[PDB]
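Below, each chain spelled out in residue letters.
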Amino acid sequence: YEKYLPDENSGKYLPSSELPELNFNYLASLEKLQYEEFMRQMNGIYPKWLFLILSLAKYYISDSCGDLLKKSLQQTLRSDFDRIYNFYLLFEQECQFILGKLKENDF
Amino acid sequence: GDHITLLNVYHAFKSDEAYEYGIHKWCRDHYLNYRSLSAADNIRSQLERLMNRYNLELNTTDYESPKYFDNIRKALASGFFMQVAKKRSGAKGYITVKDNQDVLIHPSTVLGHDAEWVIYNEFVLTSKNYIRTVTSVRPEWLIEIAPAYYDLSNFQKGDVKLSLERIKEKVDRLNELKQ
RNA sequence: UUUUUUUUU
């Protein structure tokens, strides 16, 4: 970080940070912060399920497929808060998989 | 539940009302086989005699109790845990826990809604690979009753069953973690 | 839309 204010070599530094302290990777991922959303999705796939949920919700709020991804996160991580995010997905689009999103709550 | 439905059928056949109607007439009015029902009564009598012989308690619970159907389902899982099907997450058709085979629900099954976890009685091959006589069940009950067969270590790598079975496990462990 | 067999007065 002292070596330069920022270009590819810094990405190599973030790469070494990610290859091997989760904070060390998350910070480099933050400085790096759709392909970034995809790599961040891979980071969520590596899993801090809550922080990954924050990265995903930020990725959507930056999408119905992404809502399906967050619903998959509800299927994995963790219930009423999931019902609230499901309410957000419902308000975002009242269309037929939403009942399956409600199914994760399953009073 | 198909099994629950069968229980309803026999309980209605052995009812005083069905005897006041015409039993055989009552069977010929509700589209039921009298031969099968009487044979079932006979078999039930034999099995009851055997249970009384080897000293098994005849026990039951009130219909008013909400744990009635749940008790029945659990007792079903006690013997039929090896025969369980899971609906494909976000797709069509079912797949069996045992030997991992793609299957479908038999057209004569009562369940009109998609219950993702079911216990079945018969496996039948005809036009397609069909699953006959089913009843919805909670994976929690399955894990509780047969932990020996439902340890994650037994099953093949990340498939549709194991993927959400492990989610149910995460759930269980979170429940234990909070207590 | 797809039950071959059998399972104690």
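So, how was this worked out
Residues numbered from 1 in each chain as written, not as in the entry; some residues may be left out. Chains lettered and ligands numbered in written order. Part of a larger assembly, values for the part shown. Heavy atoms only, no water. Residues with missing side-chain atoms left out of burial classes, pairs and counts. Helix = DSSP H or I, 4+ residues; strand = E, 2+ residues; numbered from the N terminus. Contact = heavy atoms within 4.5 Å. Pairing = 2+ DSSP bridges. Axes fitted to C-alpha atoms, helices over the stretch in contact; angles between N-to-C directions. Parallel < 35°, antiparallel > 145°, perpendicular 65-115°, else oblique. Left-handed = near helix turned anticlockwise from the far one by under 90°. Nonpolar A, V, L, I, M, F, W, Y, C, P; charged D, E, K, R; others polar.

Method of determination, as annotated in the archive: cryo-EM, at 3.46 Å resolution.

### Observations concerning the overall build of chain A
Of the regular secondary structure elements, chain A holds 7 helices and 0 strands. Of the regular secondary structure in chain A, the N- to C-terminal order runs α-α-α-α-α-α-α. Viewed in the frame of its principal axes, chain A has a C-alpha envelope of about 55 × 25 × 15 Å.

### What to know about the overall build of chain B
Across its full length, chain B carries 7 helices and 5 strands. Overall, chain B shows an N-to-C arrangement of helices and strands of α-α-α-α-α-β-β-β-β-β-α-α. Taken along its principal axes, the extent of the C-alpha atoms in chain B is 55 × 45 × 30 Å. Within chain B, counting contacts between residues at least 6 apart in sequence, those at least 24 apart form 39% of the total.

### Here's the deal with the pairing of strand β3 (residues 102–105) of chain B
Residue and element names in this part refer to chain B. Summarising the sheet, strand β2 (residues 94–96) and β3 pair through 2 bridges and their orientation is antiparallel. From the neighbouring strand, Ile 95 faces β3, where its bridge partner is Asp 102. Summarising the sheet, β3 and strand β5 (residues 129–136) pair through 2 bridges and their orientation is parallel. Across the sheet, residue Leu 104 finds its bridge partner in β5, namely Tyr 130.

### Concerning the pairing of strand β4 (residues 117–125) of chain B
All names here are of chain B. Sheet topology note: the strand β1 (residues 84–87)/β4 ladder contains 3 bridges and is antiparallel. Counterpart to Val 84 in the pairing with β4 is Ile 119. Of the strand pairs in this sheet, β4 and β5 are connected by 7 bridges, and their pairing is antiparallel. Each residue of the ladder has a partner; that of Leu 125, found in β5, is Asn 129. Linking β4 back to β5 in an antiparallel pair, the connection comprises 3 residues.

### Remarks on the packing of helix α1 (residues 8–18) of chain A against helix α2 (residues 22–32) of chain A
Residues and elements named next belong to chain A. Relative orientation of the contacting elements α1 and α2 amounts to 150°, with a least axis distance of 8 Å. Comparing their axes, α2 and α1 come out roughly antiparallel. For α1 against α2, the interelement crossing comes out left-handed. Contacts from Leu 14, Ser 17 and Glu 18 of α1 reach α2 at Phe 24, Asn 25 and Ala 28. Classifying every residue of the contact of α1 with α2 by side-chain character gives 3 nonpolar, 2 polar and 1 charged.

### Overview of the sheet that holds β2 of chain B
Within a sheet, each strand pairs with its neighbour through backbone hydrogen bonds, oriented either parallel or antiparallel. If you walk around this closed barrel you meet the 5 strands as β1-β2-β3-β5-β4 (chain B), and the pairing is mixed. Ignoring strand direction, the axes of neighbouring strands in this sheet form an average angle of 50°.

### Some thoughts on unusual backbone geometry
Despite not being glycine, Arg 78 of chain A has its phi angle at roughly 75°, a positive value. With respect to the element layout, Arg 78 of chain A can be found in the loop between α5 (64–76) and α6 (80–92). Here the phi dihedral of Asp 99 of chain B falls at roughly 65°; this positive angle occurs in a residue that is not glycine.

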